[PDB]
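**Q** here are the coordinates; sequence isn't available:
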Ligand SMILES: [Ca+2]
Ligand SMILES: [Ca+2]
Ligand SMILES: [Ca+2]
Ligand SMILES: [Cl-]
Ligand SMILES: [Cl-]
Ligand SMILES: [Cl-]
Ligand SMILES: [Cl-]
Ligand SMILES: [Cl-]
Ligand SMILES: [Cl-]
Ligand SMILES: [Cl-]
Ligand SMILES: [Cl-]
Ligand SMILES: [Cl-]
Ligand SMILES: [Cl-]
Ligand SMILES: [Cl-]
Ligand SMILES: [Cl-]
Ligand SMILES: [Cl-]
Ligand SMILES: [Cl-]
Ligand code: NA
Ligand code: NA
Ligand code: NA
Ligand code: NA
Ligand code: NA
């Protein structure tokens, strides 16, 4: 008899399809995640004491001493148990914030400011989201990020140096990186980073492969404060998709006739056609030169959960992203998929073709089929947004269940406390001795900057402070540094977009923001940009924006981007079982190879 | 021994969780979908001929005769086979468009306009997306929409009357429905609809339950052209969420201190804070009074696949939705989830609380836990968008595999052809005799309107035409009328938003668009609106926008809303197996009851 | 990844719970049941004959000869096949009752009385209920009762002696066991039983363990006619729960105030508060001194199925159980769970605490939770009643499918026939020679008693008769002797009650029935009774009541009590899988150990 | 050969009978229960307040104000969570009665 | 005093009551409840006796 398949009911075929995708995900196997060894390494220096200090772990929210070290190690150990359990009662039983007044229940802050504002505590954001399952994509716990840099490492000294340079450079305009007025600061930054072993010496055979891949070499004005995704280092700093608007309604080709929108110029003035309404690319303007958490008492209050969220001031109006601070403001409040949805809307409005390995992409006189629900605009619009939460569950697992890495502000706190103590011949937080020893010039500029801030904030003669100035009044979100929610979603979202569009398409005209006015100008770049390159650059812009704000390190961002890419790839693979058509997505990966799914 | 559960590996628990969700969906069972009987009822009037005419089926794209009937019944029968197979080759083998010129290869159109533009054909949009499976939610084919109204029915006569009144009312401003200058037309509309049995007589015992649920009673200015979801018929016609902006960055409460955004007024001028950038509620302005497909030859060309997409003209600028035509323009190009994403961004910017039955919604001093990835803003932002494509697969099944209902333009074409023939004592399309008999007054106004359009379009002495004027040059999308992509997505997305937010929260200040200027004014409405009511009203606005454009009937939209609600509910139910927390979504459904999931 | 459990649908969790309980019951394994070997041992004495006689088997209903032996061995063999099949046709095909008159179909009885009453036959009661499955608890056939005593054994001689002593003692008042007027009879009973090997010699090493456990030693006035459950032999003969009433509605503590029912005295006058109505403990009064089946022809008619049910006479009114006969009347008609439901209502009305290892039993200011549905009154009220039918299926299996032991009346029949024949130098039923030889004094008293009865019943000069006088006109129910429906339900029901209540609670005031009036008097008992002890005593009272009626032997009752306890324990164990709470039942068993379930 | 059934042990037949009853109950399928919409409809009339009032819900035992409305909406929300969890500790943590 | 209307929930239609009379006042709607005396025989009568 002739070999055959058999039909079954639609309902069984649907069930079996979903089981087959679960089976595909199971059959990928799982990998463990390794932490960097710091959490039980560093010990309380107190002679009669057998506790870890937890100084290199995220402990924002647990009560800290005057040096920024947690007072009671049980508070961190309890937090770790609650992270692994997820039980709401156990979470509500944790200690959060500083000692409260017995009679009134008020938290007593260190700073006059926090007490005068009557601040309450804020709590951890989804400390057990890494336990949540998902109906699609790699399970949160199936994949890994590699160990984070340790405080004593050349990589960390380079990372924190870079963050102080970004902080002190917040008022520099992207379009003026190479301008004479900025030469002194830009060259100082370049030379300082080039003076560090991470950047000036290559990895050596036998180093961890993750280090080899993410290690950077010579700093130049062309790569200063940029990411390393392919495409990020070519052409202007900002992705086209974060400054240009799009083709507008009314511009169209109808057979042999070209119509021109009466609003066509809006494309070049930062308006994205968003259906029949618009999105403006112009960002709100945080007050220039105002940074936060430059005073130790206010800093410690923030470390003790004081809720400063919403305290920033702004200038009137909005402009195309102009300064480093403006990129920090952009990433303070974005929906995590916002940048990529906006890019997707630009690509759609501009008529950029879909990946030509999808079905039905020919002229309809040939294929009799146009695309929308599947393989067209509605499809990509859902898929680019849906991956974000799947990527976030995986990065929460790394953040809280695995690595619990301290945020940059906390590292700056260690550096400041150490240096102040060393000036009195005392050793506090010797773990950051190398950073203190090597970043003297950068720290002196931060001291001066901090003094000015602390005077402006109303302290006429402040104690010296070497804290990392924060762009945001509350500093980092209430969750660990490694990885990053922004960067994991960036990695997942631009993966979907590069796969779904023809992302080899070249950009026709390249723009930058004008040096003198709030407008676009034609770039002088001579070279070719592609859609994939500008999507990678967008991911790097959002991710590095967090670093420019003071809330992530380079390694957090790069490793998160890779994690997000894995999540998106797994979702595409599982979803491939649901379609009858013969097609695939061509995806150029961050590593320069292409996977066909 | 004490009864117990056992642990297993995380990977097996993830696999078993996905299988258990698939099992929950399979255990719901499936229901058949019934079509209204027309497809094989209406017969080619040719005496020597044993074929159906397919005149009440969607046949846009297949070659039609001078009366708008398909020329070869095999063309439709092959299209039905291609819809149920999905095979790309079989789709590419279909006949699409009319005979082509040997020398140029171009389609030979009927109209001078189409020929002068050298239009090509456009093809069906995802005619087999109803075959696609999904990793989550009810399978596309597991659920049903009820049979559509038949051409001979009181319901259809009422539906098509309403669509002509909307078309002829396209220049009326929402703000001025009750103004003296509009009283003659508004009263004509109300009186005409009240003269129809559907609206002036109740359903009778024994009628189909779906008819009983969707049947409308007495028309008034307060309900004219509105939907029937709860909340839609109270307060102003447009949902707050399609005209108001939101709170802006810089407005906040930090303990006992209030900060005010320097651009706080933008909230009342239609700007949604979209991260740190903005969305403008102002819609592009299609040329007032210009309608399309009012000439029979142009109409037939469109029925024969002529690609008029992109042909509209616009005035400069943008304004808050002002006229009926502006709501048609809004729905011409929206991403399908756009309205609901925008509402969600408003609710988030305004600080509207989440559903209090979610976990962690208390002050953090009580629960030690804030929300983002799960149970907070990132969660809803992905969930509201991801349901769209699942809802679209189900509605594509109903559109193409089940009901294949002709779009309103095609019904208007039958009416026009019938009436013109009857004036010459011939009977063509007796199926629409009742609509012709009953809508004389409306059709006379359409004739006058169509003559003016046809003169403007360059025909100095046009033949009489009773066609339904289209807001869009191409008329309907290239897919069947029943149900609607917009409406099914609206149903799924507002279901998610009502469940995820505390949607009992009351609206503080109610706005409308000013009668005289492009700005918001405080409404005189004196009752109470809720977030759930205004989300339902938003769904109805987008759904009826399609009707006002000429491309759906009332029944298409209402039954699609219900289908979308079922898709979203199923997704929530299946996803409930992935969380460890003790919580549920409270969902007020379209029927007035609440489900807790 | 962290090891985890996964959720599944409620419906699957319910299914899996029920399967897990079936699996628990399966995994207990099963045990065989062994009969005592008599059924094929005793042979028809007729020289040319190769049939068993079946004289030690229950054959009530099959036609018997003049000596009480079945006429046709096929009738018993057919009955056994019908028992094991359960098929209704096969049961209806059996031979039941004596030969019928060919012309009228009437059964022709031996006795003038049965013929004058025109009695018809009664049939076997659920002869195949031991085939029935159950949704909960040990399957009927999974557990066993040990072989019954054989007719030739010292245990049986002791058993039947005791039953004749009870019969001849039916008018003795419990409260007067130790009274001078009864000394002669009471001492005769004590001395006669002490003259038998069963009671006066201990078991020997190597005897069956079941014999060792149920063997009794020295008879005393304190243990005469009592059971051997722990608690039965301490204090007054009758359980408090069969004579005392309860606290009444209106007696309550409300905060610091005590209210006293206007009906409080009813507690001491035998009224149980039964919700807002009452149960009276006072029993109907069967005519003193009237016994049944003392005439051989009437006896044989009863053995031949004559339906004498309902023939007893009563005196007016009702009284607290006073005499041995009154306990026999109590157990003639009780619902099988009645005694224990009544005890449960007493305990509830009196506020006896539930088992403190159940949840929510603390003051509600501590636990915020009171009990009713689960772990409270409604729970125990259903559970104590539901176990009865499960216990009855198991005892039916033993009764009919396994042991088929003759009822005491039939043994008395063998004894009478044997002794009458021996007086004429003939040997009939030599199997009961030992009982005849050893119980001469008891049999002479029965002869005299029987003569008086037979004279009163209208025979002026009766033949001598040594039959066991029956309390009930119909003698035993229509099913075998081993085990007992009453006793198996007693064992199951008091198991539930001891587990569910705090059954270590001590009784405050102990009562007995007054020697002179129908009322309670304070007992002279100096000692402590507990709830568990009085529940065991109640079980023994109901079980021995059947023996006092003439319808069971000691071994029937004790072994049935153990079987019932097993059934209840198995139900509790299986049900333990259905609850989420952390709790268990502490159960003091009949053997003096405690199981925690 | 003549089609037939086969016997099995009594213990397996009892097990299979209990499974078949569980299977009959599972094969009935399940239906959702819908509430009347009031719980999140009625709102605390306090203008500066974004809470439901729960006035049409059973709140006997939670502390009420002088009008019979619960004082703290978290008390009812916690009672709802305790109802759906069943956990004894969570139940014991609820607020029951007044100061 | 008004009947349910077409379109009302089926559960309302089933349980809705009409005109109140002395014969139905404070009674239920199960079949049998509205015929004969208000109290069931089973809550007032005793039984045949032993
Ligand atoms: Ca195509
Ligand atoms: Ca919270
Ligand atoms: Ca309690
Ligand atoms: Cl099916
Ligand atoms: Cl696989
Ligand atoms: Cl995040
Ligand atoms: Cl890969
Ligand atoms: Cl695993
Ligand atoms: Cl299920
Ligand atoms: Cl669609
Ligand atoms: Cl539902
Ligand atoms: Cl279920
Ligand atoms: Cl087991
Ligand atoms: Cl029985
Ligand atoms: Cl046991
Ligand atoms: Cl077995
Ligand atoms: Cl079944
Ligand atoms: Na767009
Ligand atoms: Na590409
Ligand atoms: Na709600
Ligand atoms: Na009681
Ligand atoms: Na006890």
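**A** Done, it's in. Residues are numbered from 1 along each chain as shown, chains lettered A, B, ... in the order given. Ligands and ions are numbered 1, 2, ... in the order given.
**Q** Would you confirm that residue A:80 contacts residue A:404?
**A** Yes - assessed by CB atoms under 8 Å, residue A:80 is found in contact with residue A:404 at 7.4 Å. All C-beta atoms are positioned from the backbone trio N, CA, C, and that covers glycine.
**Q** which phi and psi does residue A:562 have?
**A** Residue A:562 has phi and psi values of phi -60, psi -40 when expressed as degrees, to the nearest 10.
**Q** Report the separation between it and residue D:30.
**A** Applying CB to CB, to the nearest Å, the value for residue A:562 to residue D:30 is 44 Å.
**Q** Pick out whichever of these two has more residues nearby.
**A** Neighbours per residue (other CB atoms under 10 Å in any protein chain shown) separate residue A:562 from residue D:30, with residue A:562 holding more: 22 against 13.
**Q** so what's that one up against?
**A** When contacts are counted by CB atoms under 8 Å, 6 or more residues apart in numbering or on different chains, residue A:562 touches A:145, A:491, A:590.
**Q** got it, and residue A:25?
**A** A:137-139, A:142, A:570, A:574, B:14-15, B:18.
**Q** Looking at the stretch 251-400 of chain A, which residue is nearest ligand 3?
**A** As assessed by CB to the ion, ligand 3 sits closest to residue A:305 within the stretch 251-400 of chain A, at 37.1 Å.
**Q** Work out for me the element residue A:19 sits within.
**A** Of the helices and strands defined by DSSP states H and E, residue A:19 is found in helix A:10-27.
**Q** Which strand runs longest in chain A?
**A** strand A:314-319 (DSSP state E).
**Q** Which other helices and strands does it contact?
**A** The contact analysis (3 or more CB pairs under 8 Å, 6 or more residues apart in numbering or on different chains; DSSP states H and E) places strand A:314-319 against strand A:283-286.
**Q** ok now the strand it packs on, how far from the chain's centre?
**A** Strand A:283-286 sits 19 Å away from the centroid of its parent chain (CA atoms, centre = their mean, to the nearest Å).
**Q** Name the next helix or strand following it along the chain.
**A** helix A:296-303.
**Q** before we move on, back to that, hmm, the residue of the stretch 251-400 of chain A closest to ligand 3 is touching residue A:100, no?
**A** No - if you go by CB under 8 Å, residue A:305 and residue A:100 don't touch, sitting 11.5 Å apart.
**Q** Now for these two: what residues contact both?
**A** residue A:107.
**Q** From the contacts of residue A:562, which land in helices?
**A** Within the contacts of residue A:562, residues falling in helices by DSSP state H are residue A:491.
**Q** Doesn't residue A:278 lie inside a helix?
**A** No - judged by DSSP: H, G, I helix; E, B strand; the rest coil, residue A:278 forms no part of a helix; its state is strand.
**Q** Bridge partners for it, pull those for me.
**A** Per DSSP bridges, the residues bridged to residue A:278 are residue A:273, residue B:280.
**Q** Leaving out the residues flanking it, which one is nearest to the residue of the stretch 51-200 of chain A found nearest chain E?
**A** Closest contact between the stretch 51-200 of chain A and chain E, by CB to the nearest CB, is at residue A:135 (33.4 Å). Once flanking residues are discounted, residue A:135 sits nearest to residue B:136: 4.4 Å by CB to CB, 6 or more residues apart in numbering or on different chains.
**Q** show me what contacts the one you found?
**A** A:135-136, B:21, B:390, B:571, B:574-575.
**Q** Give me the distance between it and ligand 4.
**A** Noted for residue B:136: a distance of 18 Å to ligand 4, by CB to the ion, to the nearest Å.
**Q** do residue A:185 as well
**A** Separation of residue A:185 from ligand 4 (CB to the ion): 69 Å.
**Q** The residue of the stretch 251-400 of chain A closest to ligand 3: what's it in contact with?
**A** Contacts for residue A:305 were tallied using CB under 8 Å, 6+ apart; they are A:60-61, A:96-98, A:107, A:121-123, A:478, B:364.
**Q** cutoff 10 Å now
**A** Residues near residue A:305 by CB atoms under 10 Å, 6 or more residues apart in numbering or on different chains: A:60-64, A:96-98, A:107, A:109, A:119-124, A:474, A:478, B:364-365, B:368.
**Q** Which of those fall within strands?
**A** Per DSSP E, these map to strands at residue A:124.
**Q** Please list the members of the contacts of residue A:305 that lie in helices.
**A** B:364-365.
**Q** Could you restrict the contacts of residue A:305 to the ones contacting ligand 20?
**A** Among the contacts of residue A:305, no residue lies close to ligand 20 (CB under 5 Å from the ion).
**Q** Residue A:377 is in contact with residue B:336, isn't it?
**A** Yes - under the contact definition of CB atoms under 10 Å, residue A:377 touches residue B:336, with a separation of 8.9 Å.
**Q** Now whichever residue of the stretch 101-250 of chain A sits closest to ligand 5. Nearest residue, chain neighbours left out?
**A** Residue of the stretch 101-250 of chain A nearest ligand 5, by CB to the ion: residue A:138 (13.5 Å). Excluding the flanking residues, the one nearest residue A:138 by CB to CB, 6+ apart is residue A:570, at 4.0 Å.
**Q** what's near enough to touch the one you found?
**A** Counted by CB under 10 Å, 6+ apart, residue A:570 has contacts A:24-25, A:28, A:136-139, A:142-143, A:387, A:390, A:394, A:492, A:597.
**Q** what does residue A:179 give?
**A** A:172-173, A:186, A:515.
**Q** cutoff 8 Å now
**A** Counting by CB under 8 Å, 6+ apart, residue A:179 has contacts A:173, A:515.
**Q** Next up, phi/psi of it, please.
**A** Dihedral pair for residue A:179: phi -90, psi 150, per degrees, to the nearest 10.
**Q** which residues does whichever residue of the stretch 51-200 of chain A sits closest to ligand 18 contact?
**A** Closest contact between the stretch 51-200 of chain A and ligand 18, by CB to the ion, is at residue A:174 (25.4 Å). Contact partners of residue A:174, counting by CB under 8 Å, 6+ apart, are A:236-238, A:321-324, A:327, A:512-513.
**Q** on that earlier part again, helix, strand, or coil at the residue of the stretch 51-200 of chain A closest to chain E?
**A** For residue A:135, the assignment made with three-state DSSP gives coil.
**Q** One more: the one 4 residues further on?
**A** When states are read from three-state DSSP, the local structure at residue A:139 comes out as coil.
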